[PDB]
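Enquirer: My structure is in query01.txt, and what it holds is compact mmCIF, N, CA and C atoms:
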# COMPACT_ATOMS: atom_id res chain seq x y z
N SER C 22 -21.57 17.92 16.53
CA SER C 22 -20.85 19.15 16.88
C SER C 22 -20.11 19.74 15.72
N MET C 23 -19.72 21.00 15.85
CA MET C 23 -18.89 21.60 14.88
C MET C 23 -17.48 20.96 14.89
N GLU C 24 -16.97 20.57 16.07
CA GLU C 24 -15.61 19.96 16.15
C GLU C 24 -15.62 18.61 15.32
N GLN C 25 -16.70 17.84 15.46
CA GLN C 25 -16.77 16.53 14.79
C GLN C 25 -16.77 16.74 13.32
N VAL C 26 -17.49 17.75 12.84
CA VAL C 26 -17.45 18.14 11.41
C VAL C 26 -16.07 18.54 10.90
N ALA C 27 -15.38 19.34 11.72
CA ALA C 27 -14.01 19.83 11.39
C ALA C 27 -13.06 18.64 11.27
N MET C 28 -13.19 17.71 12.22
CA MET C 28 -12.38 16.47 12.26
C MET C 28 -12.68 15.66 10.99
N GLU C 29 -13.97 15.52 10.68
CA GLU C 29 -14.37 14.86 9.46
C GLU C 29 -13.88 15.50 8.16
N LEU C 30 -13.80 16.83 8.10
CA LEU C 30 -13.24 17.48 6.94
C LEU C 30 -11.71 17.19 6.78
N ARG C 31 -10.99 17.20 7.90
CA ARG C 31 -9.53 16.83 8.00
C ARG C 31 -9.37 15.41 7.43
N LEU C 32 -10.21 14.49 7.88
CA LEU C 32 -10.15 13.07 7.39
C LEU C 32 -10.42 12.98 5.90
N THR C 33 -11.38 13.75 5.39
CA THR C 33 -11.69 13.78 4.01
C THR C 33 -10.55 14.31 3.21
N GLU C 34 -9.89 15.34 3.74
CA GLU C 34 -8.77 15.89 3.03
C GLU C 34 -7.55 14.91 3.07
N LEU C 35 -7.40 14.23 4.17
CA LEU C 35 -6.29 13.20 4.23
C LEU C 35 -6.57 12.13 3.19
N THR C 36 -7.85 11.71 3.12
CA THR C 36 -8.26 10.70 2.15
C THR C 36 -7.99 11.15 0.74
N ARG C 37 -8.22 12.45 0.43
CA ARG C 37 -7.88 13.02 -0.88
C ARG C 37 -6.39 12.91 -1.18
N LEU C 38 -5.59 13.28 -0.19
CA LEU C 38 -4.13 13.25 -0.37
C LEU C 38 -3.66 11.78 -0.53
N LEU C 39 -4.13 10.90 0.33
CA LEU C 39 -3.78 9.45 0.23
C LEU C 39 -4.25 8.83 -1.05
N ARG C 40 -5.37 9.27 -1.61
CA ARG C 40 -5.76 8.75 -2.92
C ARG C 40 -4.78 9.12 -4.00
N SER C 41 -4.26 10.34 -4.01
CA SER C 41 -3.24 10.76 -4.94
C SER C 41 -1.91 9.97 -4.71
N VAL C 42 -1.52 9.83 -3.43
CA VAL C 42 -0.36 8.96 -3.05
C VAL C 42 -0.56 7.54 -3.62
N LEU C 43 -1.73 6.96 -3.42
CA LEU C 43 -1.96 5.57 -3.86
C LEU C 43 -1.84 5.46 -5.38
N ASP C 44 -2.33 6.49 -6.11
CA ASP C 44 -2.24 6.48 -7.52
C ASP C 44 -0.84 6.56 -8.00
N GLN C 45 -0.04 7.39 -7.36
CA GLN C 45 1.36 7.53 -7.69
C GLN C 45 2.13 6.22 -7.38
N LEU C 46 1.82 5.57 -6.26
CA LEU C 46 2.54 4.31 -5.96
C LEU C 46 2.13 3.22 -6.92
N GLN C 47 0.85 3.12 -7.24
CA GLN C 47 0.39 2.10 -8.14
C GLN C 47 0.93 2.26 -9.58
N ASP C 48 1.26 3.50 -9.97
CA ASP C 48 1.93 3.71 -11.24
C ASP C 48 3.32 3.10 -11.31
N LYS C 49 3.98 2.95 -10.17
CA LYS C 49 5.25 2.31 -10.08
C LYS C 49 5.17 0.79 -10.17
N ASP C 50 3.96 0.27 -10.44
CA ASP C 50 3.74 -1.20 -10.61
C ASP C 50 3.07 -1.39 -11.94
N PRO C 51 3.83 -1.10 -13.03
CA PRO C 51 3.11 -1.16 -14.30
C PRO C 51 2.70 -2.56 -14.76
N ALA C 52 3.39 -3.57 -14.23
CA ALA C 52 3.05 -4.94 -14.49
C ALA C 52 1.72 -5.39 -13.78
N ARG C 53 1.20 -4.56 -12.86
CA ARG C 53 0.02 -4.92 -12.07
C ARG C 53 0.17 -6.17 -11.18
N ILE C 54 1.42 -6.41 -10.77
CA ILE C 54 1.73 -7.54 -9.91
C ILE C 54 1.05 -7.42 -8.57
N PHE C 55 0.85 -6.19 -8.12
CA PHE C 55 0.34 -5.93 -6.74
C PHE C 55 -1.08 -5.39 -6.75
N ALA C 56 -1.73 -5.42 -7.90
CA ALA C 56 -3.05 -4.86 -8.05
C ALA C 56 -4.17 -5.51 -7.33
N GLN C 57 -4.09 -6.83 -7.15
CA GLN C 57 -5.19 -7.59 -6.61
C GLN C 57 -4.66 -8.58 -5.53
N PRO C 58 -5.52 -9.07 -4.64
CA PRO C 58 -5.07 -10.15 -3.72
C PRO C 58 -4.50 -11.34 -4.35
N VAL C 59 -3.46 -11.91 -3.79
CA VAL C 59 -2.99 -13.24 -4.23
C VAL C 59 -4.19 -14.20 -4.15
N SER C 60 -4.50 -14.86 -5.28
CA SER C 60 -5.60 -15.81 -5.38
C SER C 60 -5.38 -17.13 -4.55
N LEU C 61 -6.27 -17.42 -3.62
CA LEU C 61 -6.15 -18.60 -2.81
C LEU C 61 -6.63 -19.79 -3.58
N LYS C 62 -7.38 -19.56 -4.67
CA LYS C 62 -7.61 -20.70 -5.61
C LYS C 62 -6.34 -21.13 -6.26
N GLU C 63 -5.55 -20.18 -6.78
CA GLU C 63 -4.24 -20.41 -7.45
C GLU C 63 -2.95 -20.64 -6.58
N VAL C 64 -2.95 -20.08 -5.37
CA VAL C 64 -1.91 -20.32 -4.39
C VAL C 64 -2.58 -20.79 -3.09
N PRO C 65 -3.04 -22.07 -3.06
CA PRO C 65 -3.83 -22.52 -1.91
C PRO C 65 -3.15 -22.53 -0.53
N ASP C 66 -1.83 -22.62 -0.49
CA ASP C 66 -1.05 -22.60 0.76
C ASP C 66 -0.72 -21.16 1.21
N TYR C 67 -1.22 -20.12 0.53
CA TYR C 67 -0.63 -18.78 0.75
C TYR C 67 -0.69 -18.35 2.25
N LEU C 68 -1.81 -18.61 2.90
CA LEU C 68 -2.05 -18.09 4.23
C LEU C 68 -1.22 -18.89 5.26
N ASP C 69 -0.65 -20.05 4.87
CA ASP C 69 0.28 -20.74 5.71
C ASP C 69 1.59 -19.93 5.78
N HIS C 70 1.90 -19.14 4.73
CA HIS C 70 3.15 -18.39 4.63
C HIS C 70 2.93 -16.96 5.09
N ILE C 71 1.89 -16.32 4.63
CA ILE C 71 1.67 -14.88 4.79
C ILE C 71 0.41 -14.69 5.63
N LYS C 72 0.65 -14.11 6.81
CA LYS C 72 -0.46 -13.97 7.75
C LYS C 72 -1.34 -12.75 7.57
N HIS C 73 -0.83 -11.67 6.92
CA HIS C 73 -1.58 -10.50 6.66
C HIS C 73 -1.39 -10.09 5.14
N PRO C 74 -2.11 -10.79 4.29
CA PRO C 74 -2.07 -10.40 2.87
C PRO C 74 -2.48 -8.96 2.62
N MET C 75 -1.90 -8.35 1.56
CA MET C 75 -2.31 -7.00 1.21
C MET C 75 -2.08 -6.81 -0.29
N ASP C 76 -2.77 -5.84 -0.83
CA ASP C 76 -2.69 -5.52 -2.29
C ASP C 76 -3.31 -4.13 -2.53
N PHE C 77 -3.13 -3.56 -3.71
CA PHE C 77 -3.60 -2.25 -3.90
C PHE C 77 -5.15 -2.14 -3.96
N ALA C 78 -5.86 -3.16 -4.46
CA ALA C 78 -7.34 -3.09 -4.44
C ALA C 78 -7.90 -3.05 -3.03
N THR C 79 -7.29 -3.82 -2.14
CA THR C 79 -7.73 -3.91 -0.74
C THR C 79 -7.45 -2.56 -0.10
N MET C 80 -6.30 -1.95 -0.39
CA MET C 80 -6.00 -0.61 0.17
C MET C 80 -7.01 0.41 -0.31
N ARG C 81 -7.39 0.32 -1.57
CA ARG C 81 -8.30 1.29 -2.13
C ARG C 81 -9.67 1.19 -1.44
N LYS C 82 -10.11 -0.03 -1.15
CA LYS C 82 -11.40 -0.23 -0.44
C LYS C 82 -11.34 0.43 0.94
N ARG C 83 -10.26 0.21 1.66
CA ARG C 83 -10.10 0.87 2.93
C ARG C 83 -10.03 2.39 2.79
N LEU C 84 -9.29 2.88 1.86
CA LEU C 84 -9.18 4.32 1.64
C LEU C 84 -10.56 4.95 1.42
N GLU C 85 -11.36 4.34 0.55
CA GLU C 85 -12.65 4.96 0.16
C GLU C 85 -13.70 4.88 1.24
N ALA C 86 -13.53 3.99 2.20
CA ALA C 86 -14.29 3.98 3.40
C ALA C 86 -13.71 4.98 4.44
N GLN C 87 -12.81 5.87 3.99
CA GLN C 87 -11.99 6.65 4.96
C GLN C 87 -11.42 5.89 6.16
N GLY C 88 -10.84 4.68 5.93
CA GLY C 88 -10.34 3.86 6.94
C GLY C 88 -8.86 4.02 7.32
N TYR C 89 -8.18 4.99 6.70
CA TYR C 89 -6.83 5.36 7.12
C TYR C 89 -6.93 6.69 7.95
N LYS C 90 -6.61 6.57 9.19
CA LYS C 90 -6.65 7.76 10.12
C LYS C 90 -5.46 8.70 10.00
N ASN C 91 -4.32 8.16 9.56
CA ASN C 91 -3.08 8.90 9.46
C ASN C 91 -2.24 8.21 8.37
N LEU C 92 -1.18 8.87 7.94
CA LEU C 92 -0.27 8.30 6.93
C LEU C 92 0.44 7.04 7.41
N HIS C 93 0.79 6.91 8.68
CA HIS C 93 1.43 5.69 9.22
C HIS C 93 0.64 4.43 8.91
N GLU C 94 -0.66 4.48 9.14
CA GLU C 94 -1.54 3.33 8.85
C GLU C 94 -1.51 2.94 7.34
N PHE C 95 -1.51 3.92 6.46
CA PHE C 95 -1.44 3.73 5.02
C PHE C 95 -0.08 3.13 4.68
N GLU C 96 0.97 3.71 5.19
CA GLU C 96 2.28 3.12 4.95
C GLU C 96 2.45 1.71 5.46
N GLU C 97 1.83 1.37 6.58
CA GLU C 97 1.87 0.02 7.08
C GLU C 97 1.35 -0.98 6.02
N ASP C 98 0.23 -0.63 5.40
CA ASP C 98 -0.40 -1.50 4.37
C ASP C 98 0.53 -1.55 3.14
N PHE C 99 1.08 -0.42 2.72
CA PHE C 99 2.00 -0.48 1.55
C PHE C 99 3.22 -1.36 1.84
N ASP C 100 3.78 -1.25 3.03
CA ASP C 100 4.94 -2.07 3.38
C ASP C 100 4.55 -3.56 3.41
N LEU C 101 3.32 -3.92 3.80
CA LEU C 101 2.85 -5.28 3.76
C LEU C 101 2.89 -5.86 2.34
N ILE C 102 2.44 -5.05 1.40
CA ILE C 102 2.49 -5.50 -0.02
C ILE C 102 3.90 -5.96 -0.36
N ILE C 103 4.88 -5.11 -0.07
CA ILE C 103 6.26 -5.32 -0.45
C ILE C 103 6.87 -6.47 0.36
N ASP C 104 6.69 -6.39 1.69
CA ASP C 104 7.34 -7.35 2.54
C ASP C 104 6.77 -8.75 2.35
N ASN C 105 5.48 -8.89 2.12
CA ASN C 105 4.83 -10.20 1.90
C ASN C 105 5.49 -10.86 0.65
N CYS C 106 5.62 -10.03 -0.38
CA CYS C 106 6.16 -10.53 -1.65
C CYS C 106 7.58 -10.96 -1.53
N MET C 107 8.39 -10.20 -0.81
CA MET C 107 9.81 -10.48 -0.64
C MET C 107 10.07 -11.72 0.24
N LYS C 108 9.08 -12.12 1.03
CA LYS C 108 9.22 -13.35 1.78
C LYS C 108 8.73 -14.58 0.95
N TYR C 109 7.57 -14.47 0.35
CA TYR C 109 7.01 -15.59 -0.39
C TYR C 109 7.78 -15.97 -1.63
N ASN C 110 8.31 -14.95 -2.30
CA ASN C 110 9.03 -15.18 -3.57
C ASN C 110 10.51 -15.10 -3.39
N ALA C 111 11.30 -15.89 -4.10
CA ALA C 111 12.73 -15.85 -4.03
C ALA C 111 13.29 -14.67 -4.73
N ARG C 112 14.52 -14.32 -4.40
CA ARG C 112 15.21 -13.18 -5.00
C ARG C 112 15.29 -13.16 -6.49
N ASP C 113 15.39 -14.33 -7.13
CA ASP C 113 15.53 -14.45 -8.58
C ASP C 113 14.21 -14.44 -9.39
N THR C 114 13.16 -13.90 -8.81
CA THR C 114 11.87 -13.96 -9.45
C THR C 114 11.43 -12.59 -9.86
N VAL C 115 10.58 -12.54 -10.90
CA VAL C 115 10.04 -11.25 -11.35
C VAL C 115 9.20 -10.59 -10.26
N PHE C 116 8.58 -11.43 -9.40
CA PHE C 116 7.76 -10.89 -8.30
C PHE C 116 8.62 -10.17 -7.28
N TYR C 117 9.68 -10.83 -6.77
CA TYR C 117 10.57 -10.17 -5.81
C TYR C 117 11.10 -8.87 -6.37
N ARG C 118 11.57 -8.99 -7.63
CA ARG C 118 12.24 -7.84 -8.25
C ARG C 118 11.25 -6.65 -8.42
N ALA C 119 10.00 -6.99 -8.73
CA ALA C 119 8.97 -5.93 -8.86
C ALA C 119 8.78 -5.25 -7.51
N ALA C 120 8.78 -6.02 -6.42
CA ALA C 120 8.65 -5.43 -5.11
C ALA C 120 9.80 -4.52 -4.73
N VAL C 121 11.05 -4.91 -5.05
CA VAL C 121 12.21 -4.04 -4.77
C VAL C 121 12.03 -2.68 -5.49
N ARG C 122 11.66 -2.76 -6.76
CA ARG C 122 11.54 -1.54 -7.59
C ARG C 122 10.41 -0.65 -7.07
N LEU C 123 9.32 -1.28 -6.64
CA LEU C 123 8.16 -0.55 -6.05
C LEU C 123 8.55 0.13 -4.75
N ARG C 124 9.30 -0.57 -3.87
CA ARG C 124 9.81 -0.01 -2.64
C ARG C 124 10.71 1.22 -2.94
N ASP C 125 11.63 1.05 -3.86
CA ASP C 125 12.63 2.08 -4.15
C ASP C 125 11.97 3.31 -4.72
N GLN C 126 11.10 3.11 -5.70
CA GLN C 126 10.41 4.22 -6.36
C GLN C 126 9.37 4.85 -5.48
N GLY C 127 8.75 4.08 -4.62
CA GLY C 127 7.67 4.57 -3.75
C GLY C 127 8.21 5.46 -2.65
N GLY C 128 9.45 5.21 -2.25
CA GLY C 128 10.12 5.93 -1.16
C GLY C 128 10.07 7.42 -1.37
N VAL C 129 10.31 7.83 -2.61
CA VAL C 129 10.35 9.24 -3.03
C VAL C 129 8.98 9.93 -2.81
N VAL C 130 7.95 9.22 -3.22
CA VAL C 130 6.56 9.65 -3.15
C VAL C 130 6.16 9.78 -1.69
N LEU C 131 6.47 8.76 -0.91
CA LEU C 131 6.15 8.75 0.51
C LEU C 131 6.92 9.78 1.35
N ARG C 132 8.15 10.08 0.98
CA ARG C 132 8.90 11.12 1.64
C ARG C 132 8.19 12.48 1.52
N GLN C 133 7.67 12.82 0.35
CA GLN C 133 7.02 14.12 0.20
C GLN C 133 5.61 14.10 0.79
N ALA C 134 4.94 12.96 0.74
CA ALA C 134 3.66 12.80 1.38
C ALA C 134 3.75 13.13 2.84
N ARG C 135 4.75 12.63 3.51
CA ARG C 135 4.92 12.91 4.93
C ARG C 135 5.10 14.42 5.21
N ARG C 136 5.88 15.08 4.38
CA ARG C 136 6.07 16.52 4.53
C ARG C 136 4.72 17.23 4.38
N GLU C 137 3.93 16.86 3.36
CA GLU C 137 2.61 17.48 3.07
C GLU C 137 1.59 17.24 4.17
N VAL C 138 1.58 16.01 4.69
CA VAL C 138 0.70 15.71 5.79
C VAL C 138 1.01 16.56 7.03
N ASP C 139 2.27 16.63 7.42
CA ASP C 139 2.76 17.51 8.52
C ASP C 139 2.53 19.00 8.23
N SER C 140 2.95 19.43 7.04
CA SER C 140 2.79 20.82 6.61
C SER C 140 1.31 21.29 6.69
N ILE C 141 0.43 20.69 5.88
CA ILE C 141 -1.03 21.00 5.92
C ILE C 141 -1.72 20.60 7.24
N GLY C 142 -1.07 19.78 8.08
CA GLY C 142 -1.62 19.36 9.38
C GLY C 142 -2.65 18.26 9.19
Can the structure from this file be put into structure tokens for me?
Expert:
Amino acid sequence: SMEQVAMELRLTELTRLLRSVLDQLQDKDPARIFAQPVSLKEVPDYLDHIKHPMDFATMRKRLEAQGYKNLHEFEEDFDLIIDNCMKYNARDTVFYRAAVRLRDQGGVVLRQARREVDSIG
């Protein structure tokens, strides 16, 4: 149908906007701490601690499959990155501290993303 096409164009445009959002958030992680999944070869107990691992490569795979229907779903995955790290790592670690800085800096980006998503519909 024409409606299904229109819906698909909306999703494509959301995917475009979320790709720009993802790029902007990933720039706030210049150390690349959150770039890839925590290695289960290197942290073999990880899944005993963290039940829903997340990282920016995994988000990108979902994004490019157009697997984010709305900004809430995308934000859920970004919050997982941060919250997983803040639980597994102690406060005095470079990992925890990187997550705090990513949360703080990302907030700004996500605030305007929400306005744009609502504004453009």
Enquirer: Given the choices C:43, C:26, C:102, C:84, which gets closest to residue C:72 if the distance is worked out from only C-alpha atoms?
Expert: C:102
Enquirer: Taking 6 positions as the minimum chain separation for residues in the same chain, which residues sit within 7 Å of stretch 108-125 of chain C when counting all atoms listed in the file? Answer as a list in words.
Expert: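 Here the answer would be residues 49, 50, 70 and 102 of chain C.
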Enquirer: With only C-alpha atoms as the basis for distance, which of C:81, C:136, C:62, C:53 is at the shortest distance from residue C:41?
Expert: C:81
Enquirer: Expressed in Å to a single decimal, how great is the separation between atom CA of residue C:78 and atom CA of residue C:42?
Expert: 14.0 Å
Enquirer: Figure out the distance between atom CA of residue C:68 and atom N of residue C:85, please, to one decimal in Å.
Expert: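 Interatomic distance here is 24.6 Å.
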Enquirer: Looking only at the backbone, which of the residues in stretch 51-128 of chain C does DSSP tag as alpha helix (DSSP H), as a ChimeraX atom specification?
Expert: /C:67-70,77-85,92-109,115-128
Enquirer: Using all atoms of stretch 57-68 of chain C that appear in the file, construct an axis-aligned enclosing box with 5 Å of padding on every side and provide its centre coordinates and edge lengths in Å, rounded to one decimal, as lines of an AutoDock Vina configuration file.
Expert:
center_x = -4.1
center_y = -14.7
center_z = -1.1
size_x = 17.0
size_y = 25.8
size_z = 22.7
Enquirer: C:76, C:54, C:128, C:134: which is nearest residue C:38, counting all atoms listed in the file?
Expert: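 Counting all atoms listed in the file, the residue closest to residue C:38 is C:134.
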Enquirer: Report, in Å with one decimal, the straight-line distance from atom C of residue C:28 to atom C of residue C:98.
Expert: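 So the two atoms, atom C of residue C:28 and atom C of residue C:98, lie 23.1 Å apart.
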Enquirer: Need to verify the contact set: residue C:90, 9 Å, only C-alpha atoms, exclusion of same-chain residues closer than 3 positions in sequence. Can you return it as a list in words?
Expert: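 Residues meeting the cut-off are residues 32, 35, 36, 87, 93, 94 and 95 of chain C.
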